[PDB]
Each structure stands twice: as structure tokens, then as C-alpha cells.
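Numbering (mature numbering (1 follows the signal peptide of the UniProt record, and there is no 0)), first residue to last: 98 to 401.
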Ligand SMILES: CC(C)[C@H](NC(=O)CCc1ccccc1)P(=O)(O)C[C@@H](CCCCCN)C(=O)O
Ligand SMILES: [Zn+2]
Ligand SMILES: [Zn+2]
């Protein structure tokens, strides 16, 4: 039984992708962009009313298995799109004019493992040469200063960069999807938790993107917007100096592909519950995050 106000296991979320697609055929279509290490389908939802030459925003959740509020958020975004389409002017305009690719869970194998065996697992569940230690950090696995700072070379470490950039089936599938759809994807959003932040490039070195001032202003206004609802305080800025250096990130990789609006979100909280954010915070967290995401979406729409 799926609920947007609880954490849903992978079987539930997978059935939800199919059902939400069936119930909303004018607004949603579903594809699989690849399969995981363990062979699970990586589903992707395309949310938007059909039309010609539509720009797109790409958003993924569930890079990191233990970050359950991330997975819940991508589901909430879809909830909002279908519920409010037609009644709320902004969401209606967004869906009419842009497509949203929502990838509800990238690291499906890790997610299953947090439900069955280890709530605090972060990495993929693939094997490594020369050791019994499992998995790669998918957010150290992209070809963006790959494996150079803030990433480990030890397969037993939580930030292990992998055997090569895109060595993981899941990160290969996401990078392939983005490469194949580069001319339409105008923004890349990647949802994580916790620590309450809106980050933009760069994390792989202490350097700033060409459109630094624009991304800084946008991130500042989006955090201001998020706080309107419950007063939740976010920080923002370039990854390396705002959270820590961390090479091989998907936001930096996406940005270096030419996608000018590339953000990583770090949802609630600031450490009281950390990864184990209680289900009773799902609603408030997703609602205030919707305000930031809609703010970014509206800006992208207005600055094509
Ligand atoms: C708690 C958050 C910050 C997660 N970080 C961790 O789980 C690493 C371990 C940790 C660090 C800080 C507090 C608690 C745990 P995260 O969401 O996974 C942070 C992201 C930040 C990457 C750099 C910015 C975007 N390129 C990551 O480490 O991949
Ligand atoms: Zn994360
Ligand atoms: Zn709402």
C-alpha cells in the first residue's frame, strides 16, 4: 500500500511508477533507462503535457540508499504535478511548456538493502576486484575531476570512486540518458539529504562556474522561498566551499556537459535525526522543498 506520507519500499515505489503512469496518461509516461547491478529496472517518469520542441528539466532522487527523504521527495513532486495540474497557474504552465524527467530512485539496489539488511547503507551494491567490500559511491562515479579530491580510492570506503568513471551500471545509465537528451535538458536537479543546502558547481575543485553570479542569486532566492513556509534555514553556494570538496559528482558532470542550471539539494534535517528523518516530517519537508524546486523551474522557464 503506497502512501506519499510514509517511506515506501522498492516494490511499492516500482508499482507506484506504473500505477501513476496509468492513472495520468495525459501527463505521465514511463520508461526504463537501464538496469542496476542486480538487474532491477531503472524507471524514469516523463511528467508534462505533450507539445513541440519542449525544453526539459531533469531531476533524480535516491543516489544514496539511506537518504529516504530524497526518494520520498521525487514521489511528492509527481503527487503535486498530478494533483494541482489545471488548478494552480504555475504548475499548469510548467507542465504545459516543459517536460520534467523524474527519476525516483537511481540506486535501487542500495535502497532495497537499506530495507532488508542495513538502514545506513549509502553506496551501490556492486562487487569490487581484490576485496569482499561492496559498492561504489555513485556521487563520486561521474566523469568530473574523477577520483581526485573528496573521493576515496579504497573500495571499502563510503566515498569510493569506483574502478573507473561510469563503472556503475546506474551512473552509466543516467549519463547516457543525459548525453542522448542534451539538446532539450536545460536544468539538472539532484536530491540528497541531510543538512539543508542548495549547492551548485563546483565540488571537484575550488573553482566557480562561468555563470556563478546567476546561480548564486538563484540559489539565494530559492532558499529564501523555501523558508517562507516553515522558516526552515538552508545555506547555499558552490559545493566545494559550502559542503566539502567531492569529485566525480553528477551535478558537476551535468554542468560540464553544458547544462547551465545544475543543483544538488540537501533536504532536512541538520543532524538531529539525520538519515532517519521521521515519517511525520515527510509532508512539511516535501512541501517547503516544492517551493524551491518550483522557484528554480519558474526561473529556467523565464530565462530560456
Ligand atoms: C549528509 C549529507 C551531506 C550526505 N553526505 C554524507 O552522507 C557523507 C557522510 C556525512 C557527512 C556529513 C554529515 C553526515 C554524514 P550527501 O547528501 O551525500 C552530500 C553529497 C555532497 C556532494 C558534493 C556536493 C554536490 N556535488 C555527497 O557527499 O555526495
Ligand atoms: Zn547523498
Ligand atoms: Zn502541496
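Every residue gets a Cβ at the ideal spot worked out from N, C-alpha and C, and that includes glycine.
> Which parts of the stretch 288–345 are runs of the alpha helix (DSSP H), unbroken and 4 residues or longer, counting only runs that do not cross its ends?
Replying inline: 309–327, 336–339
> Under three-state DSSP, which class holds residue 273?
Replying inline: Translated into positions along the chain shown, residue 273 becomes position 176. If DSSP states are grouped into helix, strand and coil, residue 273 belongs with the helices.
> Fully enclosed by the stretch 203–265, which alpha helix (DSSP H) runs are 4 residues long or longer?
Replying inline: 205–213
> Under a three-way DSSP split, which group does residue 174 fall into?
Replying inline: Residue mapping note: residue 174 aligns to position 77 of the chain shown, counting from 1. Residue state, collapsed to three classes: helix.
> When DSSP builds the beta bridges, which residues end up paired with residue 128?
Replying inline: Taking the chain shown and counting its residues from 1, one reaches residue 128 at position 31. 141.
>> Distance check for residue 142 and residue 340, CA to CA, integer angstroms please.
In response: In the chain shown, the residue the question calls residue 340 occupies position 243. In the chain shown, the residue the question calls residue 142 occupies position 45. If I take the Cα positions, the gap works out to 30 Å.
>> For residue 363, list the residues DSSP reports as bridge partners.
In response: Along the chain shown, read from residue 1 onward, the residue named residue 363 stands at position 266. Looking at the DSSP assignment, residue 363 forms a beta bridge with 289, 294.
> Got a sec? Which residues, its chain only, sit under 8 Å from residue 368 by beta carbon, not counting five neighbours each side?
Replying inline: As a first step, residue 368 is located in the chain shown; it is residue number 271 there, counting from the start. Only 291, 292 meet the Cβ criterion.
> Sorted by chain position, which residues of the same chain lie with C-beta nearer than 6 Å to residue 307's C-beta, five sequence neighbours on each side aside?
Replying inline: Counting from 1 along the chain shown, the entry for residue 307 is found at position 210. None.
> Quick one: what's residue 182 bridged to in DSSP?
Replying inline: Counting from one through the chain shown, the residue named residue 182 turns up at place 85. Residue 182 pairs with nothing; no bridge assigned.
> So, is the C-beta of residue 219 closer than 9 Å to a C-beta in chain D?
Replying inline: You won't find chain D in this structure, because it holds only one protein chain.
> Going by beta carbon distance, what residues of the same chain come within less than 7 Å of residue 313, once the five residues before and after it are set aside?
Replying inline: Locating residue 313 in the chain shown gives position 216, counting from the first residue. 334.
>> Whole angstroms are fine: how far does the CA of residue 98 sit from the CA of residue 211?
In response: Within the chain shown, residue 211 is the residue found at index 114, counting from 1. Within the chain shown, residue 98 is the residue found at index 1, counting from 1. Whole-angstrom Cα-Cα distance: 19 Å.
> Counting pairs of beta carbons, one from the stretch 218–229 and one from the stretch 169–188, are three or more of them closer than 8 Å?
Replying inline: no
> Can we count residue 487 as close to ligand 2, meaning its CB is less than 8 Å from some heavy atom?
Replying inline: Since the first residue shown for the chain is 98 and the last is 401, residue 487 is missing from the structure and cannot be characterised.
> When you compare only the Cα positions, how much space is there between residue 163 and residue 401?
Replying inline: Along the chain shown, one-based indexing puts residue 163 at 66. Along the chain shown, one-based indexing puts residue 401 at 304. Near 35 Å, if we compare the C-alpha coordinates of residue 401 and residue 163.
> Roughly how many angstroms separate the alpha carbons of residue 353 and residue 241, rounded to a whole number?
Replying inline: Locating residue 353 in the chain shown gives position 256, counting from the first residue. Locating residue 241 in the chain shown gives position 144, counting from the first residue. If you take the alpha carbons of residue 353 and residue 241, they lie about 8 Å apart.
>> Just to confirm the assignment, what range does the beta strand (DSSP E) spanning residue 200 have?
In response: In the chain shown, counting from the first residue as 1, residue 200 sits at position 103. Here the beta strand (DSSP E) through residue 200 covers 196–200.
>> Nearer than 8 Å: is that true of the beta carbon of residue 382 relative to any heavy atom of ligand 3?
In response: Stepping through the chain shown from its first residue, residue 382 is reached at position 285. Answer for residue 382: no, Cβ out of range of ligand 3.
> Taking 8 Å as the cut-off, is the CB of residue 102 close to at least one heavy atom of ligand 3?
Replying inline: As a working note, residue 102 is residue 5 in the chain shown. No.
>> Quick check: residue 266 and residue 132, are their CB atoms within less than 9 Å of each other?
In response: Position 169 of the chain shown, counted from the start, is the residue given in the question as residue 266. Position 35 of the chain shown, counted from the start, is the residue given in the question as residue 132. Yes, they are a contact pair.
> Taking the alpha-carbon positions, what's the residue 253 to residue 232 distance?
Replying inline: Numbered from 1 along the chain shown, position 156 holds the residue referred to as residue 253. Numbered from 1 along the chain shown, position 135 holds the residue referred to as residue 232. Distance between the alpha carbons of residue 253 and residue 232: 8 Å.
> alpha helix (DSSP H) containing residue 353: first to last residue?
Replying inline: Taking the first residue of the chain shown as position 1, residue 353 is located at position 256. Here the alpha helix (DSSP H) through residue 353 covers 347–353.
>> Taking 9 Å as the threshold (C-beta atoms), are residue 343 and residue 287 in contact?
In response: The residue given as residue 287 occupies position 190 in the chain shown. The residue given as residue 343 occupies position 246 in the chain shown. No, they are not a contact pair.
> Helix or strand or just coil, what does DSSP make of residue 396?
Replying inline: One-based indexing of the chain shown puts residue 396 at position 299. Three-state result, residue 396: helix.
> What is the DSSP secondary structure of residue 162, reduced to helix, strand or coil?
Replying inline: Here residue 162 refers to the residue found at position 65 when the chain shown is read from its first residue. If DSSP states are grouped into helix, strand and coil, residue 162 belongs with coil.
>> Restricting to Cα atoms, I'd like to know which of 172, 120, 157 is closest to residue 103.
In response: Position 6 of the chain shown holds residue 103. Checking every option, the nearest Cα to that of residue 103 belongs to 172.
>> Determine whether the beta carbon atoms of residue 159 and residue 101 lie at a separation below 9 Å.
In response: Residue mapping note: residue 159 aligns to position 62 of the chain shown, counting from 1. Residue mapping note: residue 101 aligns to position 4 of the chain shown, counting from 1. Cβ atoms of residue 159 and residue 101: not closer than 9 Å.
>> As a quick exercise: from 350, 281, 382, 347, pick the residue whose alpha carbon is nearest that of residue 324.
In response: Your numbering for residue 324 matches position 227 in the chain shown. Cα-wise, what sits closest to residue 324 is 382.
> Can you name, in chain order, every residue of its own chain whose Cβ lies under 7 Å from the Cβ of residue 264, other than the five neighbours on each side?
Replying inline: Taking the first residue of the chain shown as position 1, residue 264 is located at position 167. Contacts found: 233, 238.
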